[PDB]
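The block underneath contains the structure these notes are about, expressed in structure tokens.
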Amino acid sequence: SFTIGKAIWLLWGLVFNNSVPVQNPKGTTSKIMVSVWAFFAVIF
Amino acid sequence: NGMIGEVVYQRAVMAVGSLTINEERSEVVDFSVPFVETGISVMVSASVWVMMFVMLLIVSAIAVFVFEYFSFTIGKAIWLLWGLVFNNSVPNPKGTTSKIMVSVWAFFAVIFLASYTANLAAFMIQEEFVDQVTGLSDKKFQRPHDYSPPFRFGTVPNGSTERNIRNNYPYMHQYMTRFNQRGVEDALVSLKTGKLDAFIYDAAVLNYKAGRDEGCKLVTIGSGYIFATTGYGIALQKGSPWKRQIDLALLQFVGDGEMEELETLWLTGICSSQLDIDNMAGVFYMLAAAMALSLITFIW
Amino acid sequence: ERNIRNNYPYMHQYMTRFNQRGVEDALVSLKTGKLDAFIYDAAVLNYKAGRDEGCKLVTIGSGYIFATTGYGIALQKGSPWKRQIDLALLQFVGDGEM
Amino acid sequence: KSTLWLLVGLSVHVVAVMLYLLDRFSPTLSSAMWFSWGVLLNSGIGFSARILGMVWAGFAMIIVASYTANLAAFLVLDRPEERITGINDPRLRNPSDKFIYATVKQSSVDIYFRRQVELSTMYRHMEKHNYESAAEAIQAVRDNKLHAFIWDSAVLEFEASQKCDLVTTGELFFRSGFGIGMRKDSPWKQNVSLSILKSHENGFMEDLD
Amino acid sequence: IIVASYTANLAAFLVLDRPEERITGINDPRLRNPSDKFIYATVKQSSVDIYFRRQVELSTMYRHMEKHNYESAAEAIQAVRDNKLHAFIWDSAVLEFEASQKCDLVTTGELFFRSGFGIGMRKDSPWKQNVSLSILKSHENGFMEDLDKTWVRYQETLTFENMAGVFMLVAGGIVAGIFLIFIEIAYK
Amino acid sequence: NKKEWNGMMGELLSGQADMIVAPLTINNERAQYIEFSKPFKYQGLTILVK
Amino acid sequence: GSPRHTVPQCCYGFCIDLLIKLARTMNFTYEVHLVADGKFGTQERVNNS
Ligand SMILES: *[C@@H]1O[C@H](CO)[C@@H](O[C@@H]2O[C@H](CO)[C@@H](O)[C@H](O)[C@H]2NC(C)=O)[C@H](O)[C@H]1NC(C)=O
Ligand SMILES: *[C@@H]1O[C@H](CO)[C@@H](O[C@@H]2O[C@H](CO)[C@@H](O)[C@H](O)[C@H]2NC(C)=O)[C@H](O)[C@H]1NC(C)=O
Ligand SMILES: *[C@@H]1O[C@H](CO)[C@@H](O[C@@H]2O[C@H](CO)[C@@H](O)[C@H](O)[C@H]2NC(C)=O)[C@H](O)[C@H]1NC(C)=O
Ligand SMILES: *[C@@H]1O[C@H](CO)[C@@H](O)[C@H](O)[C@H]1NC(C)=O
Ligand SMILES: *[C@@H]1O[C@H](CO)[C@@H](O)[C@H](O)[C@H]1NC(C)=O
Ligand SMILES: *[C@@H]1O[C@H](CO)[C@@H](O)[C@H](O)[C@H]1NC(C)=O
């Protein structure tokens, strides 16, 4: 309801292993893409 | 025969070329002082977790104490606590002392995993020199049927090393009788091409070929620890007046390091891959322990 | 000093305030802090920095923006030893004994 | 000048299957399934199966720590070993045709190595590939038809400034000098060296630099 | 980027920075021209003194050690054990045996002047031929290695680096947290 | 200015000793003076530190 | 493999300007040519003499 266009917010707010509450995602494709970007952030 | 037959029958005065020194050669003729150390060799191919467990119980007990001060994370603080150790996005603390204590615990976990990365970097520092066989006293050196591959060994033909075998173990000479060879570089090829498993020779040529091997895939055993431990010299005829002068000249050649200089001139001091299968084996053992704990909990 | 007088006369007059006595004197003056730099021959200071206690005093580069000269053997104008000494030094270069 | 990760992927799919089976055995479906989808990378997830989850999360962090470890071992321990490190390279002391290196045909380095009989073998390796001009060696080494060349340091560093695909090594030897080629006793013998010394004392050599 | 810098400077602070606690041989330029900080010596009136008196190029070490060369070897070992000295020149297997005794004794990497021990003898005398032949007779069998088994061959992470002070600080923070529990009691 | 020996060599050449059975170092000067056996021990120089 | 036919060309660089400094310095002029074959020259038996 609030992370509609705010994907940049949850995205860049979880690059850095932050432990900061953002939103619980319901989109499974969004969850897989978040897992891909977070794996790349770990190796980054 | 050979150089000994030339020296004893006096068609040659001495032999400057390299030769092993043993008993009956010293019985028939004389030898100088040694100049190189040449034996033989065989060319082949928790408490921290306990004290952090105790402090984890301390943190969980003080979290229960803050709950007793002031809605279901009483004993569930251990699971969420040990998950925030690993930062897993565990599916919220409310007490201020609990938040500060769990934060100090989490910072302690972060610096402990940073020290674990330091442990990993120190593990990256460590370069190993693995040794399969560590001496002539190996139990491989009794029977190739005692172990599951029947290996092959051998020496140079008609050598003095064969005489040392025959005066040490004639049964080893009988095993070498089925395992003979002809050429030194042919023995090198047979080691490289799998036709030969091990080779027994003095440390001189083996260390010399260790300084020129393409890849250094063949390493001997140690540096002459539990081995024959003899030297090379110059054979002279009995009654030679040159003997004392040659000995003093060799001692002067040692005493300035010019012998060492010629050793350095005629030797060569030479001689990515992820590997975690020991720690992966620990991973498999601990997941077997985890399914064993599940088998314990399967009583209900 | 004469080469500086040919090259930098005003800076020679600044260095007139900055004179000293000895090689170890300038060494101690650089170790303490009463001196900021020093100008001398190349390989002498290279050897003295190669034996420096802890490699404290450092040169500038490896001799690139400098006078580009060397050391030799002085003989009088007319000595017949000149060609022999020259050929012998060339022989000592040619075998790598230098 | 990966597969073990696939084994870990098979293992974590086995972990997910046994998480679903033991969560069924814990007296929900898509909850435990997508939970197993979200555990293994510490993804955002907003009690007997939780034991397997917590122990396997410990496994997953020690796995990614080992990944940090072997990437650090992959990039720190792999220093560039393509450096020949001067004349003392044992691959050149006993050379082969694997390292093709030579010098200029009819050059001073040929006589310099011909006098040094202790460097005969490299000489005998380099006598069969000598080149007429140095630019032949330049074009050959730029197109990888060579592997090394023996030359003065200043010209090679100058050409490395000209061509950034060139590498100079660490060692230095035969500290010699270039001067002006001269005849015998001549009235234009002394004053030429005097003028060169006049160029060395002032900043004219600095201007040439 | 703070915790990345933390990981970087801890790897710089306790992993790669291994100090030169040893000398790594005689080719140390700090020992080619030493000072009072590096007091190395050997046995006074010994064969090492003769071998270094022969060395015309290392007379600096000869002049340096001769102010500090000691009478017996074991007293010099005890003196450098009390750190009165800094290094000791000796043959190999003796120091290897002493390191096998106590693990505070460290050898070096450079192994030079591979000399030999034999039997001291007279001039021309009939107790030399068969005796040396018997020595060579005992070389071929393992009686040499039997005597090595008597004396020569027979020898005799943990994370307490910077987390000990952190352990003490968290243990004091437990007491401070109990004090903050008393503060929360004072809140009511 | 008359050079002599001492120690084990001194007790040897005086007749007080007849054979040195010891870890005795083999060198050039003693071989100019006395005789040696064939060596039993082979070892090099090293540096003991703490 | 071809006849020689040495032609005048433009030449410049480092030692060129050094020689120009020499001719400007000392009272002489010069005449620039080049070697017929670009070799340093080693001492060797030619097939006769
Ligand atoms: C090892 O000793 C044997 C002794 O039998 C020798 O064998 C000789 O080998 C050559 C090889 O061509 C033959 O021509 C001779 O007839 C053999 N002689 C004898 C007496 O057998 C030889 O000294 C050594 N063997 C090899 C092949 O090196
Ligand atoms: C070399 O250079 C000098 C430049 O001075 C030439 O001229 C001589 O210079 C000196 C003083 O430096 C005078 O005393 C002479 O009288 C000059 N020579 C003549 C011929 O007048 C000199 O000629 C040049 N030649 C050499 C090699 O001496
Ligand atoms: C060298 O100059 C000449 C012109 O003067 C040209 O080359 C000539 O071409 C013919 C072709 O067979 C050959 O005889 C020789 O190569 C040259 N002969 C003469 C007349 O010199 C050409 O302009 C120049 N060559 C190069 C390579 O630049
Ligand atoms: C040395 O050994 C031989 C062996 O026959 C013997 O005859 C001789 O007497 C011995 N000499 C001694 C006793 O030194
Ligand atoms: C060169 O020498 C001549 C005399 O031979 C003189 O007349 C002329 O001025 C000199 N030129 C220069 C460049 O000094
Ligand atoms: C000319 O000399 C070379 C080098 O000695 C030789 O190889 C060649 O055969 C000679 N030419 C003829 C025509 O023989």
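We number chain D the same way Swiss-Prot does; the residues here are 544, 560-585, 602-620, 627-789, in that order.
So this one's electron microscopy, 6.2 Å, going by the header.
Any Cβ shown, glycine's included, is placed from N, Cα and C.
Listed in sequence order, D:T701 are the same-chain residues six or more apart from D:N674 (N-linked glycosylation site) with CB atoms under 8 A from its CB. Per Swiss-Prot, N-linked glycosylation site is recorded for D:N674 (among others).
Per Swiss-Prot, N-linked glycosylation site is recorded for D:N771 (among others). A 10 Å cutoff on Cβ-Cβ distances gives D:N771 (N-linked glycosylation site) a total of 15 other Cβ atoms nearby, all chains included.
Feature annotation from Swiss-Prot assigns transmembrane segment to D:560-580 (among others).
Summarising the annotation, Swiss-Prot assigns transmembrane segment to D:631-647 (among others). For the transmembrane segment (D:631-647), the list of distant contacts is 563, 566, 570, 573, 576-577, 580, 609, 613-616: same-chain residues at least six beyond its ends, Cβ to Cβ under 8 Å.
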Worksheet item: Can you tell me the three-state DSSP label for D:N674 (N-linked glycosylation site)?
Response: coil
